[PDB]
Every structure is written in structure tokens, then in C-alpha cells.
């Protein structure tokens, strides 16, 4: 009997994780927010009959990480063996203007879910996965970063996720809950939110190729990231819960690239060579072959306290879990641009 409860099931990771666990024969339950319109686009294919919306081995429940009673009711009805806490306000720029909501969902909501496990009498039966993050390293104190690199958060998102990391450790130590922190670095896919930098670039490049757009604006072009594929990373979350002891792990590729490089490589897939001119907020990217400007900079996309550089060392996970990433940067860029060209050609309003 394998019964999983996923908070954040409608998100990028929750959609891939649901597919992965269904293939292994799990009964999969998800918590979905009430919405005035459709919000299940990433998972609508996982109904027994998607046309008629008839559920099979995936069951959805209305709820929210800010409603204490709804979490107790769902956990008591489902009695899960595994809980994956993926639900969050996950956008770092948005966290600067929505700091209080971000604290309530990403920080206090982690405690609410842990308290619901305890209220339901499941502290000694459930295994709990927390969605921790390389944003905890912020202004990095070591390069590369690994499990024993000290934390230095740099946004209201990072501060909220730091609370969540430590409240999970305290339940593990105080009550012997099997609970783990996955310290995941950036991971993307064709299902990535449109407001994250990689998907923003692939969508915009697609629209330019098709004549639906002339130019778009970015923020800090010199930021450097470790980018993997979400489909690979959800496997690591499951492996952490199969481990004999509840241990925390970094999950990453170890390879670093700039935003500028993501832009350059994306445009090469549509036959265009970007050459940069200007400085600071006045920098632009121009196509060599046509002379047209396609990329500009706008300070509205900068963050007040930036995270300049991330590079993860996942040696501990490779040794203990036998996890390895499959998709590297060049393949990720290609896949994202190709998927967005097909999407935008089929539907220009997408």
C-alpha cells in the first residue's frame, strides 16, 4: 500500500512527480487551490477519462496551505505513507512585493502541514519531503555549494524557505518524524512557469521566429545558474524517501552558465547570432544577420538583493542514492525552444 499526498500538484514539479509515482503503482492524492477558472492544465491528462474528468488512481482535493482545518481533514481521509510539500509562492522577484503572503504559505504553511500530520496520529508512519532550495545559499559562502556550506538568504522567499528548512529539522529531532530537506538547484522544462527566465527566453525567441513579437526586455544578464531538467529532479525526491535514514541532500548538475549565454544559445536555434552593445540598463542584443534589435534591459526585472552565482556539488547524493542528472544545459535549451515554437505556431495567444 503506497499512498502519496502532493501539495503543489498543479505546478511544474508536482505534475512530473504525479506521473512518476503513478507509473510505480501509487495511489496519488493532490491538494488543489480553488480557482475562478481552470488551473489543472499540467495534470488534466492523468484522469481515467480526461474528456469527462473522471478520476482513476489520481484524486484531487480542494485546500490551501493557509487553512489549518482543511489540511487535517485531507490528511485524516487520505492517511498517506508519503507527503511531498511542493506547494509555495515560488517566484523570487514577486516575493519582494508579496513578502507577507510568501512568509505565510512557504514558512508557516510548512509548520501547518507538519502539525496536521501530528494531530492525525501519523508522526511515526509518514515520510515527509520538504521542497528546500539553493536560494538558501544566497550570497554564496563557498564555491561550489554542498550540504555543509552555510546559508545566507537574499529575499523574502529565501527567508521563508529557511524557516521551513529548520522547522522540518525540529520535527525530525523532537518527535522522530522521517522528514528530509531536498536542497534542489534550478530545474526547468517545457512546463516551467512563463515568468522564470529560461521559459521567458524560449517563449520570446519562438514568438520572434514566427513574427508575433519584435523585441523583449530582461533584467540582470550576468547572473549565473546551475540548470537541470525537472523530470530528472523529481526522481531524486522519491529516492530521498526510500533511504534507510532521513538525510538532507543537494541535487544539481555542477555546471554553470549565464543568462546572457541562455539568450545566445536560444537564438542560434532560430538561425540568429546575438551581438551585444551598450552597458548597464542601456545594453541591447542585436541580430548580426539582419541588424534588428531583439533584446533590451529594464530595471523593473532586477532584484533589490541579487543571488549572483549558484553551482551545486551533489557528490553525497550520487554516492548514497545513485542519482545522476541525464539532461545537460545544451539539450535543455534545444528542447525548450523547440517545444515553444510548436506551441506558438499552433496558438499565437499561448
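Numbering follows the first chain given and starts at 1.
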Between 235 to 243 and 192 to 200, name whichever shows the higher mean Cα B factor according to the PDB entry.
235 to 243
Stretch with the greater mean C-alpha B-factor as recorded in the entry, comparing 106 to 114 against 140 to 148
140 to 148
When the entry's CA B-factors for 63, 312, 325, 30 are compared, the highest one belongs to 325
Based on what the PDB entry reports, which of 212, 130, 133, 89 has the top C-alpha B-factor?
212
Compare the C-alpha B factor of residue 68 with those of the other modelled residues in its chain, then answer lowest, middle or highest third.
highest
For residue 305, the third of its chain into which the C-alpha B factor falls
middle
By the entry's values, the third containing the CA B factor of residue 49 is the highest
Which third of the chain does residue 19 land in by C-alpha B-factor: lowest, middle or highest?
middle
Lowest, middle or highest third of the chain for the C-alpha temperature factor of residue 350?
highest
